[PDB]
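Presented below is the structure to which this report refers.
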Amino acid sequence: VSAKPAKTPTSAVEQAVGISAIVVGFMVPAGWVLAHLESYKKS
Amino acid sequence: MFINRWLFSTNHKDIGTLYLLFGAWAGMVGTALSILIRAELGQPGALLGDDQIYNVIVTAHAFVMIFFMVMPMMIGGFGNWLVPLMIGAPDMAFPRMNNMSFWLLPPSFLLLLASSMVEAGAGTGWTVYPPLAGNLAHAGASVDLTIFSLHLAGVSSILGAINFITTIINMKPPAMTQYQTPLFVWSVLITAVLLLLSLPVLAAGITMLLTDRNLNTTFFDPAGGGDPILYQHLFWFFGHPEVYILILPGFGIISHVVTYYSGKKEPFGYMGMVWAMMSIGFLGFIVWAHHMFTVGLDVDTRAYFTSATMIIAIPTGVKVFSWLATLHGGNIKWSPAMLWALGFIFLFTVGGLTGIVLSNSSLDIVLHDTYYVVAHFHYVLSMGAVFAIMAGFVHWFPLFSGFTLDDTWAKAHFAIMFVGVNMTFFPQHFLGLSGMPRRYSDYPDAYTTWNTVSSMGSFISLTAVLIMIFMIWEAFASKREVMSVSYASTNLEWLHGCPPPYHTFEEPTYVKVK
Amino acid sequence: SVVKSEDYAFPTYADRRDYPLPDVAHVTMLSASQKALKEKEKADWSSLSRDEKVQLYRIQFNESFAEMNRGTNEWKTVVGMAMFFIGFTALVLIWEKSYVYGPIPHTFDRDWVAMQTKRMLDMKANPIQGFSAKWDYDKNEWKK
Amino acid sequence: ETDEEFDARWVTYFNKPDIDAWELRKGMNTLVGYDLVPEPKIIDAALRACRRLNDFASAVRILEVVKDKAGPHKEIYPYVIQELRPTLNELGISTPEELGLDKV
Amino acid sequence: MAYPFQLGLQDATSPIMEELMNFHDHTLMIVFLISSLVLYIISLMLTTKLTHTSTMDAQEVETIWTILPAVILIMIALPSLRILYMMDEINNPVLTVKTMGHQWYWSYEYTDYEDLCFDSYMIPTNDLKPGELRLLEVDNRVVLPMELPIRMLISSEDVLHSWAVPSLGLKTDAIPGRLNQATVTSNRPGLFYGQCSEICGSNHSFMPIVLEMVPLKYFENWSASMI
Amino acid sequence: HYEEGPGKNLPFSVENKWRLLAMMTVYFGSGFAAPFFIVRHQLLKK
Amino acid sequence: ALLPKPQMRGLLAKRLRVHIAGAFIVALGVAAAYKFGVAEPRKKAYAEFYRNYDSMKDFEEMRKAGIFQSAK
Amino acid sequence: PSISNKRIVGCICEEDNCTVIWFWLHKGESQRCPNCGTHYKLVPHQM
Amino acid sequence: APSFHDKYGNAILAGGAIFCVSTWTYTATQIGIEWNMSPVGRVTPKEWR
Ligand code: HEA
Ligand code: HEA
Ligand code: CUA
Ligand SMILES: [Cu+2]
Ligand code: NA
Ligand SMILES: [Zn+2]
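For the protein sequence lines, the chains are m, a, d, e, b, l, i, f and k, in the order given. Following PDB author numbering, the numbering of the first sequence begins with 1 at its first residue and continues without gaps. Following PDB author numbering, the numbering of the second sequence begins with 1 at its first residue and continues without gaps. Following PDB author numbering, the numbering of the third sequence begins with 4 at its first residue and continues without gaps. Following PDB author numbering, the numbering of the fourth sequence begins with 6 at its first residue and continues without gaps. Following PDB author numbering, the numbering of the fifth sequence begins with 1 at its first residue and continues without gaps. Following PDB author numbering, the numbering of the sixth sequence begins with 2 at its first residue and continues without gaps. Following PDB author numbering, the numbering of the seventh sequence begins with 4 at its first residue and continues without gaps. Following PDB author numbering, the numbering of the eighth sequence begins with 51 at its first residue and continues without gaps. Following PDB author numbering, the numbering of the ninth sequence begins with 6 at its first residue and continues without gaps.
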């Protein structure tokens, strides 16, 4: 499947920003709830 | 303008789009549950405490990944997007039941999420065997909510199966035979047949379990004359046809992907493919008690069941050798979906031979409820079905979205996924052979090291789906459309454009017999 | 330029070695000099120089078979990205081992495992091949 | 069938006196699908067919797909060129190796 | 029992775990053969540069490709049935043990003569004696005589359990309202560790099984002392 | 009639890159963060 | 001198025949490698263990260190 | 016949063949099947 | 023309190889993961009562 040139081509910095956004948006809530299991166990 | 297009939709492309979105969300729920399971098993001890919350997580992982990720995306999404496109129909035969099946799915998801939230929790495994799932060990509303989740999902899949069979049989052009259809249409036909021949068995089984829980019937507890082996009979009579529902549209997808990217105009042995798919579908109904080799059956019964398991083993061998034979001497274009298909072939072969090891009832007496079974079913489910899903998604994402993915990020995603899931599920063979059983939150020290290795493999697979999201975003971060597509004369779904319009086949196809 | 929505209907020039003679020319419209070459094409090819040959072959086709089968270098980039992200998984595992995981059970220090594997060869755990068959029961050492 | 009716049918099909571009493209697109390197008089007929309908560049890709239809071992293509030399300097058709289309 | 970095099965003590281990080696050799066939063929048949994308004879190799996997499948199946029929023959046993799995503890009845019964709970992790095994040691080990056929009837009071010991090659469902046969023998004395395989609640990881196999005179002394 | 073309057959606007990045990460992050909050709830109860 | 006529047809077929011969030999070779490496040494190890095995001395040297709950 | 300017035409051009091959057929004089060359013409006047 | 891949593939191999082996050596060795290695020939057996 051959392709068009990109109408809105993405710089490498914006790809880095996007992957950093996906990683931080996935590891903030799960990372926060696994940062303290013992506090949920009535410390 | 929005609620008429999407909430009240009556055409197959939009229903397939929402199937893909719902399945992607539910798959992310499932991989979060898998990260939880490998998080507790990473080091010795109790990360979460008791085994009840761990069993709730295990049951939720099983039900979310089975009934909400592979089945909706694969069957509903790819069938609704492609089955009226390959056969040249303008729409589904009964589009309103297609819409109702999709909109019945998130009530079932909400009921399952509520089932995990009531104070007991349905920590019984996706086998919902009594008397553990009775009103004595699980006195509460969690098992009932899980039962109603399965009821709603079963009604959804029955409606979809009826719609698919009538739209495949009836909405062909009047000159085409059924043996001139593409192979994915055949896989959707056979999958819908086994779905509506199998789902009422579990519907009756969980109806009887619900009446045992709340209407004081004694179908299953032996204090009133019941027998839980009857539940196991009914559940697995559904459950192995359900297994082949999981695997068969993946066979159609990989046949299409290998035939396209190999340069071939036809797969080799189309009649052999069709016969082997019919044989797998017909023989899926007579092999259920290979899930019951240690329950105390007759020796002659288990002899028959291991023999019938070998006869169900032969025609999928015909299918995999025909895939190899249609790989022979073609213009092999190393696309990402090609890599997903070859990974499907090798790792599904490995999962099949581990199933053949499990097929013998004596080594099943040794290896029942161990992680050898877990390695077998993850090498078929989590690798074959997931790789077929990803092959179909990578191949048909230009058709659905209209934009082409970055192939370099796609090949990196396949490499990361391959390494991660291979290092996830290969030590589980040794854990099963050594003898650490299923459904455990804590293990002895001798099973530590493989468990440690297995846990970190999951994180690599986690990173894979993370960059998978980047893949999708990068397509919409690029907005590169398509020149055109090669081999569009043989594949009908590619010949209306990428993406096809809302109204396709208003003027239908013109094929003659005489 | 931008063309109407029926870009799918008409055949397009596709370059692959499975289809050596494609149905659509690479450059559709031609300039006046290209019409001079096309008018020269009806005479003999003996009075054709090198440059007319090369540029009319680039009119009718885009890439030769030597250009399209060339070895590009994308597999190195793919496996390098794979090792980047697998290193990031190692960082995530470091963070989980530091913060998520608590202490190990007390049956993993040196003295408990010493007395445990003394007892494990004392009761001869799997003494045919596996563990207690790798220990010498006369010299009180392991097998060398 | 055997070799002689295959070879005779293709050389008589490529020497159609009223051949146009479409069926020449069919012949040279279906011939390269066989488990076969095309016989040199089929290629002679195809080159004269390209000369008959006054088209140059398709003959050069005919020579190119002769070269890369051989595969790994390179004892096919110099032999095919060493037989096709008199056709190649009676029509003025140039080899791909002298036009610079083989130097990557 | 399991040792660290263990790949294969536990070593055998009963005769049947030897024949099932030899059959496992046989079928894993067959698995290695078929997997190497598929892998070598795909790695061969992707790396070519020749091509053939035209009409091919559809049915000229299918009879071989259907008879050879049938030959290998019956080659698997005949030793499978041969050892399948060698678990429920005439036993003529020596002792009869009755094992009932109550809600997260096992219980053992020796009531052939002079009715004896006791309960097996796990020694907790903080209450372990030094040198012991975590998650496997019990209060009362289950004492059986050496190298004799021992009839064994397994059931449970409330829910589904699974009485399993791997090194003797035993794994049998414990179903309420049922009574399941297993014959158990040995060849070496000592301690064998198993654990429950069926899901049975919030302490499913926390019922172990220790079988202590001793000579018959010491079994008689233990039976006289325990009652 | 409904919109036809690339990027218009989808139930969300792809016309802004960063808005769609934020929407994708909150959609899939809510999907990922649901069972962890479920486990938090079951630990907070008993 | 000039080039001879080499083989023009049946190239992929003859490659398939020589490498299907190679495939059968290498698959039987790796299966026999696993067999002669693992399965036969295991069988002869069990034969060596049980051909001269005494159970009374084995039990006595287990019970001399106090493992059994029945033999003190 | 048709009601528009083009139509999908599917060809079984030799019997007992699995795959149809599909192609667009436009106005003007007759196009043909890409592998068999049976001639197909379009007369768009019906209703 | 010198593309992205022609030199950046060598650069990304060097970076990916050294990064992956460095941090995987660190997470296998330095963070104190107890691997529970095989006791054959390493730990001497200590007399239990
Ligand atoms: C994708 C889903 C999927 C698929 C395809 C399969 C396929 C198979 N499964 Fe599996 N199975 C599961 C999902 C699946 N299974 C799940 C989810 C469970 C868990 C249930 C539970 O919790 O109890 C399970 C459990 C399960 C058990 C239970 C073991 C136990 O716990 O006691 C057994 C044993 O018989 C089994 C067997 C098989 C077999 C024999 C096949 C075969 O169909 C595999 C196909 C075979 C091949 C692909 C072989 C390749 C053949 C060739 C290459 C030809 C050459 C071959 C020879 C020469 C012999 N499965
Ligand atoms: C579809 C079925 C499926 C899938 C994919 C998986 C995937 C995984 N499973 Fe699962 N598993 C089961 C079905 C599945 N499993 C079942 C049925 C059980 C038995 C439960 C029981 O005992 O009762 C089980 C049990 C099970 C256990 C047993 C726990 C125990 O009993 O103690 C464990 C732990 O190791 C585990 C781990 C994993 C891991 C680490 C993955 C990883 O592969 C996770 C990675 C998966 C994904 C990342 C999903 C793929 C989706 C995408 C990549 C995006 C798709 C979106 C688009 C294409 C738009 N599984
Ligand atoms: Cu009893 Cu698990
Ligand atoms: Cu099954
Ligand atoms: Na744990
Ligand atoms: Zn035709």
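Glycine included, every Cβ here is placed at the ideal spot set by N, Cα and C.
In chain order, each alpha helix (DSSP H) run of at least 4 residues that lies wholly inside the region 334–376 of chain a
Listed in chain order, the alpha helix (DSSP H) elements of length 4 or more contained wholly in the region 334–376 of chain a are 336–359 and 361–367.
At 7 Å on the CB atoms, spell out the chain a contacts of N41/k, in chain order.
Going along chain a in sequence order, the residues near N41/k (Cβ under 7 Å) are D445, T448 and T449.
How about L50/b and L14/i: do their beta carbons lie closer than 8 Å?
Yes, the pair counts as a contact, with Cβ atoms nearer than the cut-off.
Between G190/b and chain k, is there a C-beta pair that is closer than 8 Å?
Closer than 8 Å: no.
Determine, using beta carbons only, whether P7/k comes closer than 8 Å to chain d.
Judged by the 8 Å Cβ criterion, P7/k is not in contact with chain d.
CB of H368/a to nearest heavy atom of ligand 8: below 7 Å?
Among the ligands modelled here, namely ligand 1, ligand 2, ligand 3, ligand 4, ligand 5 and ligand 6, ligand 8 does not occur.
Under the rule that 16 or more other beta-carbon atoms within 10 Å means buried, what is residue 516/a, buried or exposed?
As displayed, chain a neither begins before 1 nor continues past 514, which places residue 516/a out of reach and without an answer.
Enclosing beta strand (DSSP E) for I165/a [first to last residue]
Here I165/a belongs to no beta strand (DSSP E); instead the alpha helix (DSSP H) covers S142 to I169.
Can you tell me which of the three DSSP states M152/b falls into?
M152/b falls in the strand class under three-state DSSP.
Sorry if obvious, but does the Cβ on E157/b come closer than 7 Å to a heavy atom of ligand 3?
No heavy atom of ligand 3 is found nearer than 7 Å to the CB of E157/b.
Can at least three beta-carbon pairs, one atom from the region 193–213 of chain a and one from the region 147–163 of chain a, be found at a separation below 8 Å?
The region 193–213 of chain a makes contact with the region 147–163 of chain a; the number of CB pairs closer than 8 Å reaches 3 or more.
At least one CB of chain k closer than 8 Å to the CB of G131/b: is that the case?
Contact of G131/b with chain k is assigned, a C-beta pair being separated by under 8 Å.
Taking 7 Å as the cut-off, is the CB of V287/a close to at least one heavy atom of ligand 4?
Yes; taking the cut-off as 7 Å, the Cβ of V287/a has a heavy atom of ligand 4 nearer than that.
From the DSSP output, which residues share a beta bridge with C117/b?
Looking at the DSSP assignment, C117/b forms a beta bridge with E109/b.
Minimum C-alpha distance to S279/a - residue among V257/a, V318/a, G23/a and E242/a:
Selection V257/a, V318/a, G23/a and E242/a evaluated against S279/a yields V318/a as nearest (Cα-Cα).
Is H290/a near ligand 4 - that is, is its Cβ less than 7 Å away from at least one heavy atom of it?
Taking 7 Å as the cut-off, the C-beta of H290/a counts as close to a heavy atom of ligand 4.
Taking 7 Å as the cut-off, does the CB of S441/a come closer than this to any heavy atom belonging to ligand 5?
Indeed, a heavy atom of ligand 5 lies less than 7 Å from the Cβ.
Name, please, each residue of chain i whose Cβ falls closer than 8 Å to the Cβ of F32/b.
For a Cβ distance threshold of 8 Å, residue set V33, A34 and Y37 of chain i lies close to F32/b, ordered along the chain.
Give me the subset of the region 34–56 of chain a whose CB atoms are less than 8 Å from a CB atom of chain m, sorted by chain position.
Of all residues in the region 34–56 of chain a, only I35, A39, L47, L48 and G49 come within less than 8 Å of chain m when Cβ atoms are compared, listed by chain position.
Does the beta carbon of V295/a fall short of 7 Å from some heavy atom of ligand 4?
Answer for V295/a: no, Cβ out of range of ligand 4.
Say the cut is 7 Å; is the CB of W126/a nearer than that to a heavy atom of ligand 2?
The answer is yes for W126/a.
Looking at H376/a and ligand 4, is the gap between the Cβ and the nearest heavy atom below 7 Å?
Answer for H376/a: no, Cβ out of range of ligand 4.
What in chain m is Cβ-close to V103/d, meaning under 8 Å?
In chain order, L34, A35 and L37 make up the part of chain m whose C-beta sits under 8 Å from the C-beta of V103/d.
Quick check: the Cα distance between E109/b and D364/a, rounded to an integer number of angstroms?
Rounded to the nearest angstrom, the two C-alpha atoms are 28 Å apart.
Would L18/a pass as a contact of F102/a if the rule is Cβ separation under 8 Å?
The answer is yes: Cβ separation under 8 Å.
Thinking just about the alpha-carbon of each residue, which of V83/a, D227/a, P130/a and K265/a is nearest to the one in residue 265/b?
Examination of residue 265/b is not possible in this model, given that chain b is present from 1 through 227 alone.
Helix, strand or coil, according to DSSP, for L211/b in the structure here?
DSSP places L211/b within a strand segment (E or B) once states are collapsed to three.
Return yes when the Cβ of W494/a is within less than 8 Å of the Cβ of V485/a, no when it is not.
Their beta carbons are under 8 Å apart, which means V485/a touches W494/a by this criterion.
Helix, strand or coil at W145/d [DSSP, three-state]:
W145/d: strand per DSSP, three-state reduction.
Can you check which of these residues, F8/a, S108/a and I460/a, is closest to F22/a by C-alpha distance?
When only C-alpha atoms are compared, the closest one is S108/a.
Cutoff 8 Å; reference residue 515/a; Cβ partners in own chain excluding five residues on either side:
With chain a represented from 1 up to 514, any question about residue 515/a goes unanswered, as that position is not in the structure.
I'd like the ranges of any alpha helix (DSSP H) spanning at least 4 consecutive residues and lying wholly in the region 88–127 of chain d.
113–125, all fully within the region 88–127 of chain d.
Within 7 Å: the Cβ of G133/d and any heavy atom of ligand 5?
Not under cutoff, so the answer is no.
Do you know how far the Cα of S135/d is from the Cα of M123/d?
In this model, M123/d and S135/d are separated by some 8 Å (Cα to Cα).
Report yes if the C-beta distance between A137/a and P131/a is below 8 Å; otherwise report no.
Taking C-beta atoms as the reference points, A137/a and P131/a count as a pair closer than 8 Å.
Check the Cβ of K7/m against every Cβ in chain a and list those closer than 9 Å, keeping chain order.
In chain order: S478, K479, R480 and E481.
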